[PDB]
Structures are given as structure tokens and as C-alpha cells.
Amino acid sequence: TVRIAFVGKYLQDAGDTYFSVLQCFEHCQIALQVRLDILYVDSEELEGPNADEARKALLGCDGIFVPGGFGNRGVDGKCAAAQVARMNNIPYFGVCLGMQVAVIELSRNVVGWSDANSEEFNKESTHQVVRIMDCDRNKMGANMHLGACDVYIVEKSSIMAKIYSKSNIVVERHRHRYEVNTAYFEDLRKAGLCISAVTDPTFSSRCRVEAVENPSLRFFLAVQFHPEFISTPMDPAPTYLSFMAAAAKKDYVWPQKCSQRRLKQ
Ligand SMILES: [Cl-]
Ligand SMILES: [Cl-]
Ligand SMILES: [Cl-]
């Protein structure tokens, strides 16, 4: 079996929040022919004086996964999940909040900005590594990014390039508001992060980070988009599929061309 730490809430209080995520995991399970054993971990147990107790549980997993979530609850714990993954070379996959915590984690623990956060969780941080873009904001609020958008894979040696069968542009679906702060790209790069996919291949102030990786590690990938929004039993989301492959310690034959479900029509 393949042990994946699912860092968020217990089954009892998750409701139907992870329905589509778990569907996608099931698609991957079938395509790889592996017995998935998800450990549902309460993210709040990964913070505070006793958190080493919870960290030890993550160290026994084959993979560590951080999905999208709501509110600021367990943000520090999700950051700590990304830290364990980065420091122990345990495959990591983050989706939307999962990417943001990878960025925050790295900013605190490698870049050395102890107060690094998203603008969402600490308005008074002097290192808002995740923030609302100026073009998305006004005095009363900001855009809620939904729907499809072109994703430019800009690193040819990346996990993204490989799992999307070397397509330069793919189309994924979104539900987010805050983006990686463009002013800190060099700092993140110096700390080992590879910006592998973006909305704008020129890297302007309007460049929205769609995927980050850590190529020093076997598998560390996190995406802004929600790959579970495009996944079927016969065409599983490549991001989830590659994560589960890595956790299972298995290879996979990627098609010669990216599926039409994730290409521009
Ligand atoms: Cl949570
Ligand atoms: Cl891979
Ligand atoms: Cl967001």
C-alpha cells in the first residue's frame, strides 16, 4: 500500500470539501494499480509545543499532500508539512493553499524571513510572499479568479514539462485570489524553488505563478490551479498521477501528447 498524509481536517468535520480531490486520487489509484492508504491529519496538530508528535507521523508516509482549504486555520501546520517534506525528501504535492504554504515555508526557513506570510493571513507582514496583485485589487476588495486560464510551462527540465508531455501551454481551472509576490522571485529561486509554470512567460509584475517545484528533491510540486477540476478515470490529472507515482516509488509511461482535455481549444 501507499501511505499519503492528507493535511487538513478529520473525516468527521471535512463534510464534502474533499469530494473532487478524493475522486481524482481514486482515478490515479486505478491508473497506477496501487492500494492507496490516506492518513487524514488534522493540520492544527502540526503546530505548537507538541508538534514533533505529529511530524513523526508524516515521516512514516510515502507522500505528503496539502489541498486547498478555507480560513487561516492550520496554516502554520500546513507550512510545517511542507517543511518535513523538503527536509526529508518525502514526495510533496500542494494545490492552491498547498502551493502558498510551500512558498511561505521556504521563505521562513531558508530565506530567513520569520514573518513571511500571505497577505490573507497577516496583513502586517513585511514579507507578503503571497499577495493580491495590484491589477486584481480596488479599495473595496479583489477579483475571485474562477474558470480556465492558459498555463505556460517555462522550465523544460521540470516535472510540469514531463507530466504534460512537453506541451508549452496547457489549460487548467482555478479558484483563488492571492498570487505569489513577483518581487521575491530571486529570493525563492536562491532558496531552491523553481518557478516551472506561469500565466505570462515574460515574468512582468503581472506574472501569476501557476506551478513551483524543488528540483533538489525527488518530488516536490505545488500548483495554483485545482487539477481535480479536470480528471476522469481514463484521463487522470497528471499532477496527482505523478505525485502518487512518486509516492508508490513507481515509474509511469506519459503519453506522447498532452490530453485534449488540458490543451487550448
Ligand atoms: Cl484545515
Ligand atoms: Cl516525476
Ligand atoms: Cl488564494
# chains A, B, ... in the order shown; residues from 1 in each chain; ligands from 1
call {"tool": "residues_around", "arguments": {"residues": "region 100-103 of chain A", "least_positions_apart": "5", "cutoff": "7 Å", "atoms": "only C-alpha atoms", "output": "JSON, numbers by chain"}}
result
{"A": [78, 79, 82, 130]}
call {"tool": "residues_around", "arguments": {"residues": "residue 185 (chain A)", "least_positions_apart": "2", "cutoff": "10 Å", "atoms": "only C-alpha atoms", "output": "PyMOL selection string"}}
result
chain A and resi 129+180-183+187-191+193-195+203+209
call {"tool": "select_by_dssp", "arguments": {"residues": "region 54-230 of chain A", "states": "strand (DSSP E)", "output": "MDAnalysis selection string"}}
result
chainID A and resid 63:66 92:95 117:118 128:131 137:138 141:142 145:153 169:176 179:180 194:198 209:213 220:223
call {"tool": "closest_atom_pairs", "arguments": {"of": "region 91-111 of chain A", "to": "region 220-240 of chain A", "cutoff": "7 Å", "atoms": "only C-alpha atoms", "output": "JSON lines"}}
result
{"residue": "A:91", "atom": "CA", "partner": "A:220", "partner_atom": "CA", "distance": 5.8}
{"residue": "A:92", "atom": "CA", "partner": "A:220", "partner_atom": "CA", "distance": 4.7}
{"residue": "A:93", "atom": "CA", "partner": "A:221", "partner_atom": "CA", "distance": 5.2}
{"residue": "A:94", "atom": "CA", "partner": "A:222", "partner_atom": "CA", "distance": 4.3}
{"residue": "A:95", "atom": "CA", "partner": "A:223", "partner_atom": "CA", "distance": 5.1}
{"residue": "A:96", "atom": "CA", "partner": "A:224", "partner_atom": "CA", "distance": 4.2}
{"residue": "A:98", "atom": "CA", "partner": "A:222", "partner_atom": "CA", "distance": 6.4}
{"residue": "A:99", "atom": "CA", "partner": "A:222", "partner_atom": "CA", "distance": 4.6}
call {"tool": "write_last_selection", "arguments": {"atoms": "N, CA, C and O atoms", "output": "PDB file, in the first residue's frame"}}
result
ATOM      1  N   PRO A  91       8.085  12.755  -1.089  1.00  0.00           N
ATOM      2  CA  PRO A  91       7.280  13.410  -2.131  1.00  0.00           C
ATOM      3  C   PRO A  91       6.204  14.351  -1.574  1.00  0.00           C
ATOM      4  O   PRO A  91       5.502  13.986  -0.623  1.00  0.00           O
ATOM      5  N   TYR A  92       6.119  15.557  -2.143  1.00  0.00           N
ATOM      6  CA  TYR A  92       5.176  16.589  -1.702  1.00  0.00           C
ATOM      7  C   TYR A  92       4.353  17.067  -2.869  1.00  0.00           C
ATOM      8  O   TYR A  92       4.900  17.332  -3.951  1.00  0.00           O
ATOM      9  N   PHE A  93       3.053  17.219  -2.629  1.00  0.00           N
ATOM     10  CA  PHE A  93       2.151  17.818  -3.601  1.00  0.00           C
ATOM     11  C   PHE A  93       1.200  18.777  -2.903  1.00  0.00           C
ATOM     12  O   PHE A  93       0.527  18.398  -1.954  1.00  0.00           O
ATOM     13  N   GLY A  94       1.172  20.020  -3.370  1.00  0.00           N
ATOM     14  CA  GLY A  94       0.273  21.036  -2.852  1.00  0.00           C
ATOM     15  C   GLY A  94      -0.613  21.625  -3.935  1.00  0.00           C
ATOM     16  O   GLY A  94      -0.181  21.790  -5.075  1.00  0.00           O
ATOM     17  N   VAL A  95      -1.857  21.932  -3.580  1.00  0.00           N
ATOM     18  CA  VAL A  95      -2.822  22.501  -4.520  1.00  0.00           C
ATOM     19  C   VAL A  95      -3.363  23.802  -3.931  1.00  0.00           C
ATOM     20  O   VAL A  95      -3.921  23.793  -2.823  1.00  0.00           O
ATOM     21  N   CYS A  96      -3.212  24.887  -4.570  1.00  0.00           N
ATOM     22  CA  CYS A  96      -3.762  26.231  -4.311  1.00  0.00           C
ATOM     23  C   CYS A  96      -3.256  26.744  -2.882  1.00  0.00           C
ATOM     24  O   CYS A  96      -2.077  27.061  -3.061  1.00  0.00           O
ATOM     25  N   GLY A  98      -1.886  24.707  -0.676  1.00  0.00           N
ATOM     26  CA  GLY A  98      -0.698  23.863  -0.719  1.00  0.00           C
ATOM     27  C   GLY A  98       0.531  24.451  -1.396  1.00  0.00           C
ATOM     28  O   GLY A  98       1.640  24.204  -0.946  1.00  0.00           O
ATOM     29  N   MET A  99       0.343  25.204  -2.476  1.00  0.00           N
ATOM     30  CA  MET A  99       1.457  25.935  -3.111  1.00  0.00           C
ATOM     31  C   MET A  99       1.878  27.141  -2.267  1.00  0.00           C
ATOM     32  O   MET A  99       3.067  27.390  -2.081  1.00  0.00           O
TER      33      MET A  99
END
call {"tool": "residues_near_ligand", "arguments": {"ligand": "ligand 1", "cutoff": "7 Å", "atoms": "only C-alpha atoms and all ligand atoms", "output": "ChimeraX atom specification"}}
result
/A:8-9,42-43,69,73-74
call {"tool": "closest_residue", "arguments": {"among": "A:54, A:85, A:248, A:159", "to": "ligand 2", "atoms": "only C-alpha atoms and all ligand atoms"}}
result
A:159
call {"tool": "residues_around", "arguments": {"residues": "residue 192 (chain A)", "least_positions_apart": "5", "cutoff": "12 Å", "atoms": "only C-alpha atoms", "output": "number ranges by chain"}}
result
A: 86, 102-103, 106-107, 109-111, 185-187, 212-217, 220
call {"tool": "closest_atom_pairs", "arguments": {"of": "chain A", "to": "ligand 2", "cutoff": "9 Å", "atoms": "only C-alpha atoms and all ligand atoms", "output": "CSV"}}
result
residue,atom,partner,partner_atom_place_in_ligand_line,distance
A:158,CA,ligand 2,1 (Cl),8.5
A:159,CA,ligand 2,1 (Cl),5.3
A:160,CA,ligand 2,1 (Cl),8.4
A:162,CA,ligand 2,1 (Cl),7.4
A:163,CA,ligand 2,1 (Cl),7.3
A:218,CA,ligand 2,1 (Cl),7.4
A:219,CA,ligand 2,1 (Cl),6.0
A:220,CA,ligand 2,1 (Cl),8.7
A:221,CA,ligand 2,1 (Cl),8.9
A:239,CA,ligand 2,1 (Cl),8.9
A:242,CA,ligand 2,1 (Cl),5.4
A:243,CA,ligand 2,1 (Cl),7.1
A:245,CA,ligand 2,1 (Cl),7.6
A:246,CA,ligand 2,1 (Cl),6.3
A:251,CA,ligand 2,1 (Cl),8.4
A:252,CA,ligand 2,1 (Cl),8.9
call {"tool": "residues_around", "arguments": {"residues": "region 166-178 of chain A", "least_positions_apart": "2", "cutoff": "8 Å", "atoms": "only C-alpha atoms", "output": "JSON, numbers by chain"}}
result
{"A": [96, 118, 119, 120, 130, 131, 132, 133, 142, 143, 144, 145, 146, 147, 148, 149, 150, 151, 152, 153, 154, 156, 161, 162, 163, 164, 180, 224, 225, 226, 227, 229, 230, 257, 258, 262, 263, 264]}
call {"tool": "atom_distance", "arguments": {"atom1": "CA of residue 81 (chain A)", "atom2": "CA of residue 65 (chain A)"}}
result
8.3 Å
call {"tool": "residues_around", "arguments": {"residues": "residue 40 (chain A)", "least_positions_apart": "6", "cutoff": "12 Å", "atoms": "only C-alpha atoms", "output": "count of residues only"}}
result
22
call {"tool": "select_by_dssp", "arguments": {"residues": "region 53-235 of chain A", "states": "alpha helix (DSSP H)", "output": "PDB file with N, CA, C and O atoms, in the first residue's frame"}}
result
ATOM      1  N   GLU A  53       5.330  15.292  17.731  1.00  0.00           N
ATOM      2  CA  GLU A  53       4.464  14.107  17.758  1.00  0.00           C
ATOM      3  C   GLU A  53       3.789  13.871  16.401  1.00  0.00           C
ATOM      4  O   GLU A  53       3.794  12.749  15.891  1.00  0.00           O
ATOM      5  N   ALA A  54       3.244  14.942  15.822  1.00  0.00           N
ATOM      6  CA  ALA A  54       2.606  14.901  14.505  1.00  0.00           C
ATOM      7  C   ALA A  54       3.598  14.785  13.356  1.00  0.00           C
ATOM      8  O   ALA A  54       3.333  14.075  12.375  1.00  0.00           O
ATOM      9  N   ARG A  55       4.713  15.512  13.449  1.00  0.00           N
ATOM     10  CA  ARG A  55       5.778  15.413  12.451  1.00  0.00           C
ATOM     11  C   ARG A  55       6.228  13.967  12.260  1.00  0.00           C
ATOM     12  O   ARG A  55       6.435  13.530  11.133  1.00  0.00           O
ATOM     13  N   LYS A  56       6.362  13.233  13.364  1.00  0.00           N
ATOM     14  CA  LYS A  56       6.782  11.831  13.307  1.00  0.00           C
ATOM     15  C   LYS A  56       5.825  10.986  12.462  1.00  0.00           C
ATOM     16  O   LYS A  56       6.266  10.111  11.724  1.00  0.00           O
ATOM     17  N   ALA A  57       4.528  11.269  12.549  1.00  0.00           N
ATOM     18  CA  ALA A  57       3.541  10.593  11.706  1.00  0.00           C
ATOM     19  C   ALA A  57       3.796  10.847  10.205  1.00  0.00           C
ATOM     20  O   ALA A  57       3.724   9.917   9.401  1.00  0.00           O
ATOM     21  N   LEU A  58       4.133  12.087   9.847  1.00  0.00           N
ATOM     22  CA  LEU A  58       4.454  12.429   8.453  1.00  0.00           C
ATOM     23  C   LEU A  58       5.716  11.723   7.935  1.00  0.00           C
ATOM     24  O   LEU A  58       5.756  11.335   6.776  1.00  0.00           O
ATOM     25  N   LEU A  59       6.722  11.553   8.798  1.00  0.00           N
ATOM     26  CA  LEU A  59       7.983  10.879   8.432  1.00  0.00           C
ATOM     27  C   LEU A  59       7.806   9.423   8.009  1.00  0.00           C
ATOM     28  O   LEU A  59       8.608   8.911   7.234  1.00  0.00           O
ATOM     29  N   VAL A  75      -2.677  26.997   9.085  1.00  0.00           N
ATOM     30  CA  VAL A  75      -1.725  27.482   8.078  1.00  0.00           C
ATOM     31  C   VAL A  75      -0.297  27.132   8.490  1.00  0.00           C
ATOM     32  O   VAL A  75       0.461  26.607   7.682  1.00  0.00           O
ATOM     33  N   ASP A  76       0.058  27.430   9.739  1.00  0.00           N
ATOM     34  CA  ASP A  76       1.376  27.092  10.275  1.00  0.00           C
ATOM     35  C   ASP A  76       1.658  25.582  10.234  1.00  0.00           C
ATOM     36  O   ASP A  76       2.787  25.172   9.954  1.00  0.00           O
ATOM     37  N   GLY A  77       0.637  24.769  10.496  1.00  0.00           N
ATOM     38  CA  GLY A  77       0.769  23.315  10.401  1.00  0.00           C
ATOM     39  C   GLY A  77       0.989  22.807   8.984  1.00  0.00           C
ATOM     40  O   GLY A  77       1.753  21.877   8.763  1.00  0.00           O
ATOM     41  N   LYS A  78       0.306  23.416   8.023  1.00  0.00           N
ATOM     42  CA  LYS A  78       0.494  23.080   6.603  1.00  0.00           C
ATOM     43  C   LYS A  78       1.885  23.497   6.099  1.00  0.00           C
ATOM     44  O   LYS A  78       2.522  22.741   5.380  1.00  0.00           O
ATOM     45  N   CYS A  79       2.350  24.683   6.499  1.00  0.00           N
ATOM     46  CA  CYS A  79       3.744  25.085   6.309  1.00  0.00           C
ATOM     47  C   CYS A  79       4.696  24.043   6.886  1.00  0.00           C
ATOM     48  O   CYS A  79       5.642  23.648   6.224  1.00  0.00           O
ATOM     49  N   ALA A  80       4.430  23.594   8.112  1.00  0.00           N
ATOM     50  CA  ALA A  80       5.261  22.567   8.746  1.00  0.00           C
ATOM     51  C   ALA A  80       5.231  21.233   7.988  1.00  0.00           C
ATOM     52  O   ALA A  80       6.243  20.547   7.941  1.00  0.00           O
ATOM     53  N   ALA A  81       4.096  20.872   7.384  1.00  0.00           N
ATOM     54  CA  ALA A  81       4.042  19.686   6.492  1.00  0.00           C
ATOM     55  C   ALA A  81       4.959  19.821   5.284  1.00  0.00           C
ATOM     56  O   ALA A  81       5.605  18.857   4.891  1.00  0.00           O
ATOM     57  N   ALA A  82       4.989  21.001   4.675  1.00  0.00           N
ATOM     58  CA  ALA A  82       5.888  21.252   3.536  1.00  0.00           C
ATOM     59  C   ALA A  82       7.355  21.198   3.979  1.00  0.00           C
ATOM     60  O   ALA A  82       8.200  20.640   3.280  1.00  0.00           O
ATOM     61  N   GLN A  83       7.644  21.747   5.156  1.00  0.00           N
ATOM     62  CA  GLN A  83       8.985  21.691   5.733  1.00  0.00           C
ATOM     63  C   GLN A  83       9.478  20.252   5.904  1.00  0.00           C
ATOM     64  O   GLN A  83      10.590  19.941   5.519  1.00  0.00           O
ATOM     65  N   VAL A  84       8.646  19.388   6.480  1.00  0.00           N
ATOM     66  CA  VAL A  84       9.032  17.984   6.709  1.00  0.00           C
ATOM     67  C   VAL A  84       9.365  17.322   5.376  1.00  0.00           C
ATOM     68  O   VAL A  84      10.388  16.644   5.253  1.00  0.00           O
ATOM     69  N   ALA A  85       8.495  17.537   4.394  1.00  0.00           N
ATOM     70  CA  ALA A  85       8.701  17.018   3.053  1.00  0.00           C
ATOM     71  C   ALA A  85      10.026  17.482   2.426  1.00  0.00           C
ATOM     72  O   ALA A  85      10.770  16.660   1.879  1.00  0.00           O
ATOM     73  N   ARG A  86      10.315  18.778   2.527  1.00  0.00           N
ATOM     74  CA  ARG A  86      11.526  19.369   1.936  1.00  0.00           C
ATOM     75  C   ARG A  86      12.798  18.865   2.640  1.00  0.00           C
ATOM     76  O   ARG A  86      13.763  18.513   1.987  1.00  0.00           O
ATOM     77  N   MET A  87      12.767  18.809   3.964  1.00  0.00           N
ATOM     78  CA  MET A  87      13.914  18.362   4.754  1.00  0.00           C
ATOM     79  C   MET A  87      14.164  16.855   4.744  1.00  0.00           C
ATOM     80  O   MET A  87      15.265  16.428   5.062  1.00  0.00           O
ATOM     81  N   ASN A  88      13.170  16.047   4.376  1.00  0.00           N
ATOM     82  CA  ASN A  88      13.324  14.587   4.412  1.00  0.00           C
ATOM     83  C   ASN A  88      13.176  13.903   3.064  1.00  0.00           C
ATOM     84  O   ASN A  88      13.162  12.682   3.004  1.00  0.00           O
ATOM     85  N   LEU A  97      -3.800  26.544  -1.717  1.00  0.00           N
ATOM     86  CA  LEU A  97      -3.176  26.768  -0.363  1.00  0.00           C
ATOM     87  C   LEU A  97      -1.895  25.940  -0.155  1.00  0.00           C
ATOM     88  O   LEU A  97      -0.940  26.438   0.453  1.00  0.00           O
ATOM     89  N   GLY A  98      -1.886  24.707  -0.676  1.00  0.00           N
ATOM     90  CA  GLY A  98      -0.698  23.863  -0.719  1.00  0.00           C
ATOM     91  C   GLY A  98       0.531  24.451  -1.396  1.00  0.00           C
ATOM     92  O   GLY A  98       1.640  24.204  -0.946  1.00  0.00           O
ATOM     93  N   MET A  99       0.343  25.204  -2.476  1.00  0.00           N
ATOM     94  CA  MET A  99       1.457  25.935  -3.111  1.00  0.00           C
ATOM     95  C   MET A  99       1.878  27.141  -2.267  1.00  0.00           C
ATOM     96  O   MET A  99       3.067  27.390  -2.081  1.00  0.00           O
ATOM     97  N   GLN A 100       0.902  27.860  -1.732  1.00  0.00           N
ATOM     98  CA  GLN A 100       1.147  29.058  -0.936  1.00  0.00           C
ATOM     99  C   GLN A 100       1.951  28.737   0.331  1.00  0.00           C
ATOM    100  O   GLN A 100       2.890  29.456   0.673  1.00  0.00           O
ATOM    101  N   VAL A 101       1.608  27.640   1.003  1.00  0.00           N
ATOM    102  CA  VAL A 101       2.368  27.217   2.193  1.00  0.00           C
ATOM    103  C   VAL A 101       3.796  26.738   1.861  1.00  0.00           C
ATOM    104  O   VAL A 101       4.695  26.902   2.672  1.00  0.00           O
ATOM    105  N   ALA A 102       3.995  26.141   0.694  1.00  0.00           N
ATOM    106  CA  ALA A 102       5.346  25.780   0.237  1.00  0.00           C
ATOM    107  C   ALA A 102       6.206  27.039   0.107  1.00  0.00           C
ATOM    108  O   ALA A 102       7.357  27.058   0.544  1.00  0.00           O
ATOM    109  N   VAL A 103       5.616  28.091  -0.461  1.00  0.00           N
ATOM    110  CA  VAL A 103       6.284  29.379  -0.615  1.00  0.00           C
ATOM    111  C   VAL A 103       6.557  30.033   0.744  1.00  0.00           C
ATOM    112  O   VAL A 103       7.661  30.529   0.977  1.00  0.00           O
ATOM    113  N   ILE A 104       5.560  30.021   1.635  1.00  0.00           N
ATOM    114  CA  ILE A 104       5.713  30.618   2.969  1.00  0.00           C
ATOM    115  C   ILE A 104       6.760  29.865   3.798  1.00  0.00           C
ATOM    116  O   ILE A 104       7.635  30.486   4.422  1.00  0.00           O
ATOM    117  N   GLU A 105       6.661  28.537   3.778  1.00  0.00           N
ATOM    118  CA  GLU A 105       7.612  27.658   4.472  1.00  0.00           C
ATOM    119  C   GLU A 105       9.065  27.962   4.080  1.00  0.00           C
ATOM    120  O   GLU A 105       9.933  28.157   4.943  1.00  0.00           O
ATOM    121  N   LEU A 106       9.306  27.987   2.776  1.00  0.00           N
ATOM    122  CA  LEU A 106      10.641  28.240   2.239  1.00  0.00           C
ATOM    123  C   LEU A 106      11.132  29.640   2.606  1.00  0.00           C
ATOM    124  O   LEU A 106      12.309  29.813   2.949  1.00  0.00           O
ATOM    125  N   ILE A 159       9.181  18.847 -13.692  1.00  0.00           N
ATOM    126  CA  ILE A 159       8.115  17.866 -13.531  1.00  0.00           C
ATOM    127  C   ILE A 159       6.920  18.235 -14.413  1.00  0.00           C
ATOM    128  O   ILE A 159       6.363  17.368 -15.079  1.00  0.00           O
ATOM    129  N   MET A 160       6.560  19.522 -14.437  1.00  0.00           N
ATOM    130  CA  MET A 160       5.451  20.006 -15.262  1.00  0.00           C
ATOM    131  C   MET A 160       5.627  19.684 -16.736  1.00  0.00           C
ATOM    132  O   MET A 160       4.720  19.132 -17.348  1.00  0.00           O
ATOM    133  N   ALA A 161       6.787  20.029 -17.293  1.00  0.00           N
ATOM    134  CA  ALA A 161       7.100  19.725 -18.695  1.00  0.00           C
ATOM    135  C   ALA A 161       6.905  18.233 -19.008  1.00  0.00           C
ATOM    136  O   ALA A 161       6.327  17.881 -20.035  1.00  0.00           O
ATOM    137  N   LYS A 162       7.365  17.380 -18.094  1.00  0.00           N
ATOM    138  CA  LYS A 162       7.357  15.930 -18.273  1.00  0.00           C
ATOM    139  C   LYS A 162       5.931  15.361 -18.232  1.00  0.00           C
ATOM    140  O   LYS A 162       5.510  14.623 -19.135  1.00  0.00           O
ATOM    141  N   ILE A 163       5.180  15.738 -17.198  1.00  0.00           N
ATOM    142  CA  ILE A 163       3.833  15.183 -16.973  1.00  0.00           C
ATOM    143  C   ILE A 163       2.769  15.742 -17.921  1.00  0.00           C
ATOM    144  O   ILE A 163       1.737  15.106 -18.125  1.00  0.00           O
ATOM    145  N   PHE A 185      10.822  36.682  -6.476  1.00  0.00           N
ATOM    146  CA  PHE A 185      11.206  35.534  -7.316  1.00  0.00           C
ATOM    147  C   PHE A 185      12.669  35.098  -7.151  1.00  0.00           C
ATOM    148  O   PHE A 185      12.913  33.895  -7.051  1.00  0.00           O
ATOM    149  N   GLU A 186      13.618  36.046  -7.121  1.00  0.00           N
ATOM    150  CA  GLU A 186      15.060  35.707  -6.980  1.00  0.00           C
ATOM    151  C   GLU A 186      15.329  35.026  -5.632  1.00  0.00           C
ATOM    152  O   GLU A 186      16.055  34.031  -5.570  1.00  0.00           O
ATOM    153  N   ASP A 187      14.757  35.579  -4.568  1.00  0.00           N
ATOM    154  CA  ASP A 187      14.928  35.027  -3.225  1.00  0.00           C
ATOM    155  C   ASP A 187      14.445  33.573  -3.163  1.00  0.00           C
ATOM    156  O   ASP A 187      15.148  32.697  -2.632  1.00  0.00           O
ATOM    157  N   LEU A 188      13.261  33.325  -3.728  1.00  0.00           N
ATOM    158  CA  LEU A 188      12.713  31.964  -3.807  1.00  0.00           C
ATOM    159  C   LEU A 188      13.598  31.061  -4.658  1.00  0.00           C
ATOM    160  O   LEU A 188      13.896  29.921  -4.263  1.00  0.00           O
ATOM    161  N   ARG A 189      14.047  31.579  -5.801  1.00  0.00           N
ATOM    162  CA  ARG A 189      14.967  30.824  -6.661  1.00  0.00           C
ATOM    163  C   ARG A 189      16.271  30.488  -5.932  1.00  0.00           C
ATOM    164  O   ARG A 189      16.709  29.343  -5.961  1.00  0.00           O
ATOM    165  N   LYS A 190      16.851  31.467  -5.241  1.00  0.00           N
ATOM    166  CA  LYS A 190      18.094  31.242  -4.495  1.00  0.00           C
ATOM    167  C   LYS A 190      17.923  30.171  -3.415  1.00  0.00           C
ATOM    168  O   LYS A 190      18.833  29.390  -3.187  1.00  0.00           O
TER     169      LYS A 190
END
call {"tool": "atom_distance", "arguments": {"atom1": "CA of residue 241 (chain A)", "atom2": "CA of residue 202 (chain A)"}}
result
29.2 Å
call {"tool": "atom_distance", "arguments": {"atom1": "CA of residue 71 (chain A)", "atom2": "CA of residue 121 (chain A)"}}
result
8.3 Å
call {"tool": "closest_residue", "arguments": {"among": "A:68, A:128, A:112, A:265", "to": "ligand 3", "atoms": "only C-alpha atoms and all ligand atoms"}}
result
A:68
call {"tool": "closest_residue", "arguments": {"among": "A:89, A:199, A:72, A:260", "to": "ligand 3", "atoms": "only C-alpha atoms and all ligand atoms"}}
result
A:72
call {"tool": "decode", "arguments": {"residues": "region 152-163 of chain A", "atoms": "N, CA and C atoms", "output": "mmCIF file, in the first residue's frame"}}
result
data_model
loop_
_atom_site.group_PDB
_atom_site.id
_atom_site.type_symbol
_atom_site.label_atom_id
_atom_site.label_comp_id
_atom_site.auth_asym_id
_atom_site.auth_seq_id
_atom_site.Cartn_x
_atom_site.Cartn_y
_atom_site.Cartn_z
ATOM 1 N N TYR A 152 1.518 28.508 -18.980
ATOM 2 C CA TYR A 152 2.777 28.361 -19.730
ATOM 3 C C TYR A 152 3.808 27.596 -18.916
ATOM 4 N N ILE A 153 4.226 26.441 -19.424
ATOM 5 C CA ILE A 153 5.280 25.658 -18.795
ATOM 6 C C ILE A 153 6.596 26.243 -19.297
ATOM 7 N N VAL A 154 7.370 26.831 -18.390
ATOM 8 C CA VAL A 154 8.525 27.667 -18.763
ATOM 9 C C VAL A 154 9.875 27.062 -18.391
ATOM 10 N N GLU A 155 9.876 25.847 -17.834
ATOM 11 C CA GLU A 155 11.095 25.118 -17.455
ATOM 12 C C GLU A 155 11.023 23.733 -18.079
ATOM 13 N N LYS A 156 11.887 23.494 -19.058
ATOM 14 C CA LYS A 156 11.802 22.286 -19.889
ATOM 15 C C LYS A 156 12.253 21.020 -19.164
ATOM 16 N N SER A 157 13.108 21.164 -18.154
ATOM 17 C CA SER A 157 13.555 20.021 -17.355
ATOM 18 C C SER A 157 12.645 19.731 -16.154
ATOM 19 N N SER A 158 11.508 20.424 -16.049
ATOM 20 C CA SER A 158 10.664 20.331 -14.863
ATOM 21 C C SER A 158 9.744 19.108 -14.865
ATOM 22 N N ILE A 159 9.181 18.847 -13.692
ATOM 23 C CA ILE A 159 8.115 17.866 -13.531
ATOM 24 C C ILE A 159 6.920 18.235 -14.413
ATOM 25 N N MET A 160 6.560 19.522 -14.437
ATOM 26 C CA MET A 160 5.451 20.006 -15.262
ATOM 27 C C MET A 160 5.627 19.684 -16.736
ATOM 28 N N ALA A 161 6.787 20.029 -17.293
ATOM 29 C CA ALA A 161 7.100 19.725 -18.695
ATOM 30 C C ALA A 161 6.905 18.233 -19.008
ATOM 31 N N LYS A 162 7.365 17.380 -18.094
ATOM 32 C CA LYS A 162 7.357 15.930 -18.273
ATOM 33 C C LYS A 162 5.931 15.361 -18.232
ATOM 34 N N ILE A 163 5.180 15.738 -17.198
ATOM 35 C CA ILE A 163 3.833 15.183 -16.973
ATOM 36 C C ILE A 163 2.769 15.742 -17.921
#
